[PDB]
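Below: structure24.txt (compact mmCIF, C-alpha atoms and all ligand atoms)
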```
# COMPACT_ATOMS: atom_id res chain seq x y z
CA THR H 122 -8.54 -20.83 -11.34
CA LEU H 123 -7.26 -18.91 -8.31
CA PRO H 124 -5.64 -20.23 -5.15
CA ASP H 125 -7.82 -20.19 -2.04
CA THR H 126 -5.05 -18.58 0.02
CA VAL H 127 -2.29 -16.15 -0.93
CA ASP H 128 0.44 -14.58 1.21
CA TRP H 129 3.17 -12.69 -0.66
CA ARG H 130 5.27 -12.63 2.51
CA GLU H 131 5.90 -16.34 1.89
CA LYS H 132 7.30 -15.59 -1.59
CA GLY H 133 9.75 -13.04 -0.21
CA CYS H 134 7.91 -10.13 -1.87
CA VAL H 135 7.11 -8.05 1.23
CA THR H 136 9.55 -5.90 3.22
CA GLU H 137 9.62 -5.03 6.92
CA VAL H 138 6.61 -3.13 8.28
CA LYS H 139 7.43 0.57 8.49
CA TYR H 140 6.50 3.28 11.01
CA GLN H 141 5.03 6.44 9.50
CA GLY H 142 4.93 8.33 12.79
CA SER H 143 3.00 11.60 12.79
CA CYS H 144 3.54 12.24 9.07
CA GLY H 145 0.56 11.41 6.84
CA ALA H 146 2.64 9.23 4.54
CA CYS H 147 0.43 6.10 4.47
CA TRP H 148 -0.06 6.61 0.73
CA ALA H 149 3.70 6.67 0.19
CA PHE H 150 4.24 3.46 2.16
CA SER H 151 1.40 1.79 0.27
CA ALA H 152 2.89 2.83 -3.07
CA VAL H 153 6.46 1.73 -2.30
CA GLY H 154 5.11 -1.53 -0.89
CA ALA H 155 3.41 -2.31 -4.18
CA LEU H 156 6.51 -1.39 -6.16
CA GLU H 157 8.76 -3.45 -3.81
CA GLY H 158 6.65 -6.47 -4.70
CA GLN H 159 7.07 -5.89 -8.42
CA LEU H 160 10.80 -5.21 -8.05
CA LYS H 161 11.25 -8.54 -6.30
CA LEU H 162 9.14 -10.42 -8.83
CA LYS H 163 11.11 -8.96 -11.77
CA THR H 164 14.68 -8.68 -10.46
CA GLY H 165 14.78 -11.20 -7.62
CA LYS H 166 15.90 -8.53 -5.10
CA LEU H 167 13.75 -7.42 -2.17
CA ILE H 168 14.62 -3.86 -1.27
CA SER H 169 12.66 -1.34 0.82
CA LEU H 170 12.02 1.66 -1.40
CA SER H 171 11.98 5.31 -0.37
CA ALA H 172 8.64 6.55 0.97
CA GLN H 173 10.47 9.79 1.81
CA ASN H 174 11.41 10.31 -1.84
CA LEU H 175 7.69 10.31 -2.65
CA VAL H 176 6.83 12.62 0.26
CA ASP H 177 9.47 15.21 -0.61
CA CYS H 178 9.26 15.15 -4.39
CA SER H 179 5.60 14.79 -5.40
CA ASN H 180 4.20 17.63 -3.25
CA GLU H 181 2.99 19.82 -6.10
CA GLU H 182 -0.13 20.60 -8.18
CA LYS H 183 0.95 18.22 -10.96
CA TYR H 184 0.27 15.32 -8.60
CA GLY H 185 -1.99 16.60 -5.82
CA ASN H 186 0.04 14.79 -3.19
CA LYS H 187 0.59 16.81 -0.04
CA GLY H 188 3.60 15.12 1.51
CA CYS H 189 2.88 14.57 5.20
CA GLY H 190 -0.62 15.99 4.59
CA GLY H 191 -1.66 12.89 2.64
CA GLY H 192 -1.64 11.79 -0.97
CA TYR H 193 -2.53 9.19 -3.57
CA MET H 194 -0.83 5.93 -4.48
CA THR H 195 -1.69 6.41 -8.17
CA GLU H 196 -0.02 9.83 -8.17
CA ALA H 197 3.00 8.38 -6.39
CA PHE H 198 3.30 5.93 -9.28
CA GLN H 199 2.91 8.79 -11.77
CA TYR H 200 5.73 10.68 -10.05
CA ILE H 201 8.01 7.62 -10.31
CA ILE H 202 7.13 7.32 -14.02
CA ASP H 203 7.75 11.03 -14.66
CA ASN H 204 10.93 11.08 -12.59
CA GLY H 205 12.44 8.00 -14.28
CA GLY H 206 13.02 6.34 -10.92
CA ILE H 207 12.89 6.09 -7.14
CA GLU H 208 15.63 5.53 -4.53
CA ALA H 209 15.87 2.82 -1.93
CA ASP H 210 15.02 3.62 1.68
CA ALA H 211 18.67 2.93 2.57
CA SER H 212 19.92 5.92 0.53
CA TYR H 213 16.84 8.13 1.03
CA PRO H 214 15.63 7.24 4.53
CA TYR H 215 12.32 8.09 6.13
CA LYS H 216 12.29 11.35 8.16
CA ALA H 217 8.54 11.83 8.67
CA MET H 218 8.70 15.48 7.55
CA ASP H 219 8.30 17.48 4.39
CA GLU H 220 11.81 18.09 3.13
CA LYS H 221 13.26 19.54 -0.03
CA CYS H 222 13.46 16.92 -2.73
CA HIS H 223 16.97 15.47 -3.05
CA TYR H 224 16.47 12.58 -5.43
CA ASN H 225 19.77 11.34 -6.84
CA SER H 226 19.56 9.35 -10.10
CA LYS H 227 22.88 7.67 -9.24
CA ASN H 228 20.96 5.96 -6.40
CA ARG H 229 18.00 4.76 -8.53
CA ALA H 230 16.75 1.40 -7.21
CA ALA H 231 13.48 0.98 -9.15
CA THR H 232 11.43 2.38 -12.01
CA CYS H 233 7.78 2.44 -13.01
CA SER H 234 6.47 2.31 -16.60
CA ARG H 235 2.71 2.49 -15.96
CA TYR H 236 0.15 1.66 -13.33
CA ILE H 237 -3.12 -0.26 -13.40
CA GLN H 238 -6.36 0.68 -11.65
CA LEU H 239 -8.79 -2.13 -10.86
CA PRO H 240 -12.57 -1.78 -11.22
CA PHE H 241 -14.28 0.08 -8.38
CA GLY H 242 -15.57 -2.21 -5.62
CA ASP H 243 -14.76 -5.42 -7.46
CA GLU H 244 -13.42 -7.85 -4.88
CA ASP H 245 -13.11 -10.63 -7.48
CA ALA H 246 -10.86 -8.39 -9.60
CA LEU H 247 -8.80 -7.60 -6.51
CA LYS H 248 -8.55 -11.32 -5.72
CA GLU H 249 -7.29 -12.06 -9.22
CA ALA H 250 -4.75 -9.22 -9.11
CA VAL H 251 -3.44 -10.24 -5.69
CA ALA H 252 -3.18 -13.86 -6.81
CA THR H 253 -1.46 -13.23 -10.13
CA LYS H 254 0.19 -9.79 -10.14
CA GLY H 255 1.47 -9.18 -6.60
CA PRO H 256 0.67 -6.89 -3.67
CA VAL H 257 -1.90 -4.20 -4.50
CA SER H 258 -2.23 -0.68 -3.11
CA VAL H 259 -5.70 0.08 -1.74
CA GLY H 260 -7.63 2.70 0.17
CA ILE H 261 -9.65 1.80 3.26
CA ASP H 262 -11.78 3.45 5.88
CA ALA H 263 -9.40 3.12 8.84
CA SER H 264 -11.05 5.81 10.93
CA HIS H 265 -12.83 3.63 13.53
CA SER H 266 -11.19 2.91 16.87
CA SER H 267 -11.90 -0.84 16.43
CA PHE H 268 -9.28 -0.83 13.64
CA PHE H 269 -6.56 -0.07 16.23
CA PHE H 270 -8.09 -2.61 18.70
CA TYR H 271 -7.63 -5.47 16.21
CA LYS H 272 -5.20 -8.20 17.29
CA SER H 273 -6.38 -11.43 15.63
CA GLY H 274 -9.25 -12.91 13.62
CA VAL H 275 -10.98 -10.97 10.86
CA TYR H 276 -11.79 -7.27 11.24
CA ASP H 277 -15.46 -6.78 10.43
CA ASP H 278 -16.87 -3.60 11.99
CA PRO H 279 -20.45 -2.69 11.02
CA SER H 280 -19.54 0.99 11.52
CA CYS H 281 -17.04 0.87 8.67
CA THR H 282 -18.01 2.81 5.54
CA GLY H 283 -16.94 3.02 1.89
CA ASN H 284 -15.52 6.47 2.55
CA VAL H 285 -11.85 5.68 2.53
CA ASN H 286 -9.13 7.68 4.23
CA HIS H 287 -5.89 5.61 4.45
CA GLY H 288 -3.69 3.89 1.92
CA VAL H 289 -2.47 0.38 2.80
CA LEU H 290 -1.16 -2.69 0.97
CA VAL H 291 -3.01 -5.94 0.30
CA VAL H 292 -0.42 -8.71 0.41
CA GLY H 293 -2.73 -11.72 0.40
CA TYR H 294 -6.11 -13.22 1.17
CA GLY H 295 -7.68 -16.36 2.60
CA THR H 296 -10.43 -17.72 4.81
CA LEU H 297 -9.92 -17.85 8.58
CA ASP H 298 -12.38 -19.89 10.61
CA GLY H 299 -14.96 -19.59 7.83
CA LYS H 300 -14.51 -15.84 7.27
CA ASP H 301 -12.98 -14.58 4.04
CA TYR H 302 -10.28 -11.93 4.57
CA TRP H 303 -7.79 -9.62 2.90
CA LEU H 304 -4.29 -9.64 4.41
CA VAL H 305 -3.29 -6.00 4.84
CA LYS H 306 0.14 -4.52 5.57
CA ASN H 307 -0.08 -1.17 7.38
CA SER H 308 2.61 1.43 8.15
CA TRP H 309 2.10 1.85 11.90
CA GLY H 310 5.03 -0.35 12.89
CA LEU H 311 5.06 -3.75 14.53
CA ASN H 312 2.89 -2.78 17.47
CA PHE H 313 -0.18 -2.31 15.19
CA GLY H 314 -2.54 -5.29 14.65
CA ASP H 315 -0.84 -8.68 14.24
CA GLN H 316 2.83 -7.68 13.87
CA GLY H 317 1.82 -4.71 11.69
CA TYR H 318 -0.83 -6.54 9.67
CA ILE H 319 -4.61 -6.74 9.82
CA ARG H 320 -6.99 -9.27 8.26
CA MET H 321 -10.01 -7.35 6.93
CA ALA H 322 -13.35 -8.82 5.86
CA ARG H 323 -13.41 -9.94 2.23
CA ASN H 324 -16.51 -10.50 0.06
CA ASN H 325 -18.61 -8.56 2.58
CA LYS H 326 -20.02 -5.84 0.33
CA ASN H 327 -16.69 -4.07 -0.19
CA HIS H 328 -16.18 -3.66 3.53
CA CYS H 329 -14.34 -0.48 4.55
CA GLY H 330 -14.09 0.38 0.84
CA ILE H 331 -11.14 -1.98 0.46
CA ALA H 332 -11.73 -2.68 -3.24
CA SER H 333 -12.79 0.87 -4.16
CA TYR H 334 -9.45 2.39 -5.20
CA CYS H 335 -7.03 -0.42 -5.97
CA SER H 336 -3.90 0.06 -8.04
CA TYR H 337 -0.54 -1.48 -8.72
CA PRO H 338 2.55 -0.37 -10.62
CA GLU H 339 4.43 -2.05 -13.43
CA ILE H 340 8.15 -2.00 -13.66
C1 LIG T 401 -2.31 8.40 5.47
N1 LIG T 401 -1.43 8.55 6.37
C2 LIG T 401 -3.42 9.38 5.26
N2 LIG T 401 -4.29 9.10 4.14
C3 LIG T 401 -4.07 9.45 2.89
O1 LIG T 401 -3.07 10.01 2.48
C4 LIG T 401 -5.24 9.09 1.99
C5 LIG T 401 -4.87 8.02 0.98
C6 LIG T 401 -5.80 8.26 -0.21
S1 LIG T 401 -7.26 7.39 -0.06
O2 LIG T 401 -6.93 5.99 -0.06
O3 LIG T 401 -7.90 7.86 1.13
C7 LIG T 401 -8.21 7.83 -1.35
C8 LIG T 401 -9.26 8.75 -1.24
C9 LIG T 401 -10.00 9.14 -2.36
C10 LIG T 401 -9.75 8.66 -3.65
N3 LIG T 401 -10.50 9.10 -4.79
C11 LIG T 401 -11.89 9.56 -4.65
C12 LIG T 401 -12.29 10.54 -5.76
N4 LIG T 401 -12.01 9.99 -7.11
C13 LIG T 401 -12.34 10.98 -8.16
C14 LIG T 401 -13.80 11.36 -8.20
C15 LIG T 401 -10.59 9.60 -7.25
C16 LIG T 401 -10.11 8.67 -6.14
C17 LIG T 401 -8.71 7.76 -3.77
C18 LIG T 401 -7.98 7.38 -2.65
CL1 LIG T 401 -6.68 6.27 -3.00
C19 LIG T 401 -5.96 9.78 -0.20
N5 LIG T 401 -5.72 10.21 1.18
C20 LIG T 401 -5.95 11.40 1.75
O4 LIG T 401 -5.75 11.59 2.95
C21 LIG T 401 -6.47 12.56 0.95
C22 LIG T 401 -5.41 13.36 0.19
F1 LIG T 401 -4.73 12.60 -0.65
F2 LIG T 401 -5.96 14.35 -0.48
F3 LIG T 401 -4.58 13.85 1.10
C23 LIG T 401 -7.70 13.28 1.50
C24 LIG T 401 -7.84 12.39 0.26
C25 LIG T 401 -3.14 10.88 5.49
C26 LIG T 401 -4.02 10.10 6.46
```
Have the structure of the file written as structure tokens, please.
Amino acid sequence: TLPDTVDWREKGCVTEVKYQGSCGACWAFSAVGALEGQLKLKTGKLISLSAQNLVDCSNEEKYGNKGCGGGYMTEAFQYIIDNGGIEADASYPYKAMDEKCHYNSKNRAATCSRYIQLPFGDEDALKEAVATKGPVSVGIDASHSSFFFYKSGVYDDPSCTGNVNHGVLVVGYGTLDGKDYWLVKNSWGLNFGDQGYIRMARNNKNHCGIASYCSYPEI
């Protein structure tokens, strides 16, 4: 039986909200966010991991990531698996540009053995994973201006679609004033939403495609 409310921030499993700038690195922030959660759960250390390492080093046909042109959280995990590691943000900081890969194994801060994909559209499966596994990478339709107007409450825009376009991180869930929500960490800095987070409608027919393309890594 699952808890009614989850917030991984309260368990010390979520790092500071990052600022992607004008580089299309949402996917990279989503992926490192999920892996940060696992790293904390396994090792006890919370460390921001290198989104830039993903941007610079997985921009090739093998993965189909495009650096600042966008990419996939699953393929980010595959890169980390193939590479045998990823650096921390502190040693490989975010530049918001496509740069030549300069991964240094001496600076490895995390690994990935495999990743898990949840069933398409299944908000119950996402609830279970968030409750029991940790933060989960997801795709959403974040293309409507209302998304950037959000400040409080639960985002529930009838114009949202299942055609996703941005990777974000689900770090919890609950019910706010009778409305089920997913607690979502973005990568637009503190000024976005509620201190960088948005609560998005949950159990409302897979609203904004939030449970369409969910994945998480294993250390
Ligand atoms: C973030 N700053 C930006 N968005 C992206 O990088 C997104 C993240 C993901 S996604 O969440 O939008 C997405 C889209 C489609 C899938 N598919 C559908 C087709 N299936 C096979 C039939 C496989 C899964 C999964 C996900 Cl996670 C991809 N993003 C992109 O922008 C694209 C690309 F990666 F190619 F760059 C355009 C897809 C950059 C705004």
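Shortest atom-to-atom contact with residue 224 of chain H among H:242, H:186, H:174, H:258: H:174, counting all atoms listed in the file.
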Using only C-alpha atoms and all ligand atoms, which protein or nucleic acid residues are at most 9 Å from ligand LIG 401 (chain T), as a PDB file with C-alpha atoms, keeping the file's coordinate frame?
```
ATOM      1  CA  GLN H 141       5.030   6.440   9.500  1.00  0.00           C
ATOM      2  CA  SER H 143       3.000  11.600  12.790  1.00  0.00           C
ATOM      3  CA  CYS H 144       3.540  12.240   9.070  1.00  0.00           C
ATOM      4  CA  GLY H 145       0.560  11.410   6.840  1.00  0.00           C
ATOM      5  CA  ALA H 146       2.640   9.230   4.540  1.00  0.00           C
ATOM      6  CA  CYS H 147       0.430   6.100   4.470  1.00  0.00           C
ATOM      7  CA  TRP H 148      -0.060   6.610   0.730  1.00  0.00           C
ATOM      8  CA  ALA H 149       3.700   6.670   0.190  1.00  0.00           C
ATOM      9  CA  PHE H 150       4.240   3.460   2.160  1.00  0.00           C
ATOM     10  CA  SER H 151       1.400   1.790   0.270  1.00  0.00           C
ATOM     11  CA  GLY H 185      -1.990  16.600  -5.820  1.00  0.00           C
ATOM     12  CA  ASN H 186       0.040  14.790  -3.190  1.00  0.00           C
ATOM     13  CA  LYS H 187       0.590  16.810  -0.040  1.00  0.00           C
ATOM     14  CA  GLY H 188       3.600  15.120   1.510  1.00  0.00           C
ATOM     15  CA  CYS H 189       2.880  14.570   5.200  1.00  0.00           C
ATOM     16  CA  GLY H 190      -0.620  15.990   4.590  1.00  0.00           C
ATOM     17  CA  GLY H 191      -1.660  12.890   2.640  1.00  0.00           C
ATOM     18  CA  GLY H 192      -1.640  11.790  -0.970  1.00  0.00           C
ATOM     19  CA  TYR H 193      -2.530   9.190  -3.570  1.00  0.00           C
ATOM     20  CA  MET H 194      -0.830   5.930  -4.480  1.00  0.00           C
ATOM     21  CA  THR H 195      -1.690   6.410  -8.170  1.00  0.00           C
ATOM     22  CA  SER H 258      -2.230  -0.680  -3.110  1.00  0.00           C
ATOM     23  CA  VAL H 259      -5.700   0.080  -1.740  1.00  0.00           C
ATOM     24  CA  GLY H 260      -7.630   2.700   0.170  1.00  0.00           C
ATOM     25  CA  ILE H 261      -9.650   1.800   3.260  1.00  0.00           C
ATOM     26  CA  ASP H 262     -11.780   3.450   5.880  1.00  0.00           C
ATOM     27  CA  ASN H 284     -15.520   6.470   2.550  1.00  0.00           C
ATOM     28  CA  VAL H 285     -11.850   5.680   2.530  1.00  0.00           C
ATOM     29  CA  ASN H 286      -9.130   7.680   4.230  1.00  0.00           C
ATOM     30  CA  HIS H 287      -5.890   5.610   4.450  1.00  0.00           C
ATOM     31  CA  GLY H 288      -3.690   3.890   1.920  1.00  0.00           C
ATOM     32  CA  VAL H 289      -2.470   0.380   2.800  1.00  0.00           C
ATOM     33  CA  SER H 308       2.610   1.430   8.150  1.00  0.00           C
ATOM     34  CA  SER H 333     -12.790   0.870  -4.160  1.00  0.00           C
ATOM     35  CA  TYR H 334      -9.450   2.390  -5.200  1.00  0.00           C
ATOM     36  CA  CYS H 335      -7.030  -0.420  -5.970  1.00  0.00           C
ATOM     37  CA  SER H 336      -3.900   0.060  -8.040  1.00  0.00           C
TER      38      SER H 336
END
```
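The two atoms in question, atom CA of residue 220 of chain H and atom CA of residue 137 of chain H, are spaced 23.5 Å apart.
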- Message: What does the structure give for the distance between atom CA of residue 179 of chain H and atom CA of residue 152 of chain H, in Å to one decimal?
- Response: 12.5 Å
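Among the candidate residues H:237, H:329, H:212, H:314, the one lying nearest to residue 250 of chain H is H:237, with distances computed using all atoms listed in the file.
Between residue 303 of chain H and the residues H:233, H:197, H:127, H:340, the shortest atom-to-atom distance, using only C-alpha atoms, involves H:127.
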- Message: Just want the 10 Å neighbourhood of residue 268 of chain H, counted on only C-alpha atoms, with same-chain residues fewer than 6 positions away dropped. Output as a list in words.
- Response: residues 262, 276, 277, 278, 281, 313, 314, 319 and 321 of chain H
- How many Å lie between atom CA of residue 133 of chain H and atom CA of residue 312 of chain H, rounded to one decimal? 21.6 Å
- Using all atoms listed in the file, pick whichever of H:136, H:238, H:173, H:253 has the shortest atom-to-atom distance to residue 123 of chain H. H:253
Completion of segment 286-308 of chain H up to N, CA, C and O atoms, as a compact mmCIF listing (two decimals), keeping the file's coordinate frame:
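What follows is the written file rebuild_2.txt:
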```
# COMPACT_ATOMS: atom_id res chain seq x y z
N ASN H 286 -9.98 6.62 3.70
CA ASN H 286 -9.13 7.68 4.23
C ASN H 286 -7.68 7.29 4.47
O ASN H 286 -6.89 8.18 4.82
N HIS H 287 -7.28 6.02 4.26
CA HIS H 287 -5.89 5.61 4.45
C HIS H 287 -5.48 4.62 3.39
O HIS H 287 -6.23 3.71 3.06
N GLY H 288 -4.27 4.80 2.87
CA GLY H 288 -3.69 3.89 1.92
C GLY H 288 -2.90 2.81 2.65
O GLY H 288 -2.11 3.11 3.55
N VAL H 289 -3.11 1.56 2.23
CA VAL H 289 -2.47 0.38 2.80
C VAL H 289 -2.15 -0.59 1.65
O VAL H 289 -2.37 -0.28 0.48
N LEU H 290 -1.61 -1.76 1.98
CA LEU H 290 -1.16 -2.69 0.97
C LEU H 290 -1.79 -4.05 1.19
O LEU H 290 -1.62 -4.63 2.25
N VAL H 291 -2.48 -4.58 0.18
CA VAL H 291 -3.01 -5.94 0.30
C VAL H 291 -1.93 -6.89 -0.19
O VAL H 291 -1.50 -6.84 -1.34
N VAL H 292 -1.49 -7.78 0.70
CA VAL H 292 -0.42 -8.71 0.41
C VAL H 292 -0.90 -10.16 0.38
O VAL H 292 -0.10 -11.06 0.22
N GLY H 293 -2.20 -10.39 0.50
CA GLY H 293 -2.73 -11.72 0.40
C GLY H 293 -4.19 -11.76 0.74
O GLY H 293 -4.83 -10.73 0.89
N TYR H 294 -4.71 -12.97 0.84
CA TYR H 294 -6.11 -13.22 1.17
C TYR H 294 -6.26 -14.67 1.61
O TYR H 294 -5.35 -15.49 1.40
N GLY H 295 -7.39 -14.99 2.21
CA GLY H 295 -7.68 -16.36 2.60
C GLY H 295 -9.03 -16.44 3.27
O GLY H 295 -9.87 -15.56 3.10
N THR H 296 -9.24 -17.52 4.02
CA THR H 296 -10.43 -17.72 4.81
C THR H 296 -9.96 -18.24 6.17
O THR H 296 -9.25 -19.23 6.25
N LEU H 297 -10.33 -17.53 7.23
CA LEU H 297 -9.92 -17.85 8.58
C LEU H 297 -11.15 -18.19 9.38
O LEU H 297 -12.03 -17.34 9.56
N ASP H 298 -11.23 -19.43 9.84
CA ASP H 298 -12.38 -19.89 10.61
C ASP H 298 -13.70 -19.55 9.92
O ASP H 298 -14.64 -19.10 10.56
N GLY H 299 -13.74 -19.77 8.60
CA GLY H 299 -14.96 -19.59 7.83
C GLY H 299 -15.25 -18.17 7.35
O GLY H 299 -16.27 -17.94 6.72
N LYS H 300 -14.34 -17.24 7.64
CA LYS H 300 -14.51 -15.84 7.27
C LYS H 300 -13.45 -15.43 6.26
O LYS H 300 -12.26 -15.47 6.55
N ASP H 301 -13.89 -15.04 5.07
CA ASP H 301 -12.98 -14.58 4.04
C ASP H 301 -12.32 -13.27 4.50
O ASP H 301 -12.97 -12.41 5.09
N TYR H 302 -11.02 -13.14 4.21
CA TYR H 302 -10.28 -11.93 4.57
C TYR H 302 -9.30 -11.51 3.48
O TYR H 302 -8.90 -12.31 2.62
N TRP H 303 -8.91 -10.25 3.58
CA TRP H 303 -7.79 -9.62 2.90
C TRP H 303 -6.68 -9.45 3.93
O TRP H 303 -6.92 -9.00 5.04
N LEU H 304 -5.46 -9.81 3.55
CA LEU H 304 -4.29 -9.64 4.41
C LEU H 304 -3.66 -8.30 4.08
O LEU H 304 -3.17 -8.09 2.96
N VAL H 305 -3.67 -7.39 5.05
CA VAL H 305 -3.29 -6.00 4.84
C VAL H 305 -2.06 -5.63 5.66
O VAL H 305 -2.03 -5.80 6.88
N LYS H 306 -1.05 -5.10 4.96
CA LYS H 306 0.14 -4.52 5.57
C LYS H 306 -0.12 -3.04 5.81
O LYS H 306 -0.43 -2.30 4.87
N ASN H 307 -0.01 -2.60 7.06
CA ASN H 307 -0.08 -1.17 7.38
C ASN H 307 1.32 -0.57 7.55
O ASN H 307 2.33 -1.25 7.34
N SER H 308 1.38 0.69 7.94
CA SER H 308 2.61 1.43 8.15
C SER H 308 2.59 2.14 9.52
O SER H 308 3.05 3.28 9.65
```
